[PDB]
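Quick notes on the structure that follows.
Scope of the values below: all heavy atoms of this structure, side chains included, with no hydrogens, waters or symmetry mates. Numbering of ligands and ligand atoms starts at 1, following listing order. A note on names: the letters A, B, ... follow the listed sequences, proteins ahead of strands, and every chain is numbered from 1.
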Amino acid sequence: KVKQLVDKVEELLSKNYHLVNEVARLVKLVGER
Amino acid sequence: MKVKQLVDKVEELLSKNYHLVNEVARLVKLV
Amino acid sequence: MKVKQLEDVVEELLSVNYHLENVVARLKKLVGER
Amino acid sequence: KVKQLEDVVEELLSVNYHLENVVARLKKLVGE
Ligand SMILES: [Mg+2]
């Protein structure tokens with residue numbers, strides 16, 4: 001179950017990294033206009 | 001001025017976030 | 001004890017996810033993205 | 001726009017705080 005949890009941590013981190021990339025993409029468009 | 005200042009603040013916090021994401025990635029592999 | 005500590009990690013990354021979802025939605029609304 | 005951006009900044013404080021906690025917890029688990 002440790003391996004299961006490590007996998008879950010990794011999946012969550014990937015999800016969160018995408019969302020940070022989204023914040024970066026969107027904030028540049030507020031800045032832009 | 002204020003929008004630009006707030007965008008800069010957002011970008012600084014994201015920079016800190018990216019580093020922390022990297023650290024979590026490094027650390028969890030060591031478990 | 002690795003299990004309890006990793007469970008706590010997962011819960012906190014879920015809070016992170018919740019917050020980031022809120023921020024992303026708020027910025028999409030600002031730029032008119034749907 | 002300013003008001004919304006201010007809330008974005010404030011919520012990102014929470015994101016980073018939570019992440020700091022996670023890093024700290026993993027460090028004590030791995031012995032760093
Ligand atoms: Mg929170």
Side-chain angles (χ1 to χ4, degrees):
Chain A
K1 193 187 190 127
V2 177
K3 255 189 190 192
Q4 300 160 35
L5 290 160
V6 170
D7 290 354
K8 178 66 165 135
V9 170
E10 302 188 311
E11 160 186 339
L12 277 177
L13 201 58
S14 295
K15 289 174 174 302
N16 292 342
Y17 171 76
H18 171 64
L19 296 172
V20 178
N21 290 336
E22 287 288 92
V23 178
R25 174 183 70 87
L26 292 156
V27 74
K28 285 173 64 174
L29 300 177
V30 193
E32 161 219 50
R33 68 215 203 98
Chain B
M1 26 80 186
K2 200 57 254 172
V3 173
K4 174 167 82 269
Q5 284 169 40
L6 290 157
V7 172
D8 283 342
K9 179 49 154 146
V10 171
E11 292 182 337
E12 181 262 294
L13 291 168
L14 293 190
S15 171
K16 280 181 163 58
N17 192 295
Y18 281 123
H19 171 58
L20 292 163
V21 164
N22 277 159
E23 281 296 85
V24 182
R26 181 185 62 83
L27 285 163
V28 74
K29 302 188 213 188
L30 295 172
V31 179
Chain C
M1 284 182 84
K2 284 177 165 155
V3 171
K4 286 155 197 263
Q5 296 302 311
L6 286 172
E7 282 173 347
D8 287 349
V9 168
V10 166
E11 287 314 306
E12 280 223 87
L13 288 174
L14 284 169
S15 293
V16 171
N17 182 258
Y18 153 82
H19 280 295
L20 282 170
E21 287 287 8
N22 297 338
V23 167
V24 169
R26 167 159 287 101
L27 293 163
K28 290 181 181 173
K29 193 199 196 168
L30 263 187
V31 306
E33 178 169 308
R34 57 179 268 282
Chain D
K1 179 147 69 189
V2 161
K3 295 328 277 191
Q4 292 290 2
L5 281 173
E6 287 177 347
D7 187 71
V8 167
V9 169
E10 275 194 349
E11 193 149 21
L12 285 172
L13 300 179
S14 279
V15 164
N16 280 353
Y17 161 79
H18 287 291
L19 281 173
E20 295 181 340
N21 288 353
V22 165
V23 169
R25 194 177 296 279
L26 288 164
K27 275 182 172 149
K28 50 171 312 196
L29 188 57
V30 304
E32 197 170 285

(request) Indicate yes or no for a side-chain donor-acceptor contact from D:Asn16 to the backbone of B:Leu13 under 3.5 Å, with no hydrogens or angles considered. (result) yes
(message) Once rounded to the nearest 0.5 Å, what's the spacing between atom NZ of C:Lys4 and atom CG of C:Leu6?
(response) 12.5 Å
What side-chain donor-acceptor pairs closer than 3.5 Å can you find for residues 1-11 of chain B, not counting sequence neighbours?
residue	atom	partner	partner atom	Å
B:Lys2	NZ	B:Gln5	OE1	2.7
B:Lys9	NZ	B:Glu12	OE1	2.9

(request) Show all protein N/O/S atoms under 2.8 Å from the Mg ion (ligand 1), or state that there are none. (result) C:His19 NE2, D:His18 NE2
Donor-acceptor list for residues 18-31 of chain B side chains, cut-off 3.5 Å, not counting sequence neighbours:
residue	atom	partner	partner atom	Å
B:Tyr18	OH	A:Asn21	OD1	2.7
B:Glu23	OE1	B:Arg26	NE	3.1
B:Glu23	OE2	B:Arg26	NH2	3.1
B:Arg26	NH1	D:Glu32	OE1	2.8
B:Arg26	NH2	D:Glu32	OE2	2.8

Can you give each donor-acceptor pair under 3.5 Å made by side-chain atoms of residues 17-28 of chain D, sequence neighbours left out, with the distance rounded to 0.1 Å?
residue	atom	partner	partner atom	Å
D:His18	ND1	C:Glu12	OE1	2.9
D:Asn21	ND2	C:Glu12	OE1	3.2
D:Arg25	NH1	C:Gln5	OE1	2.9

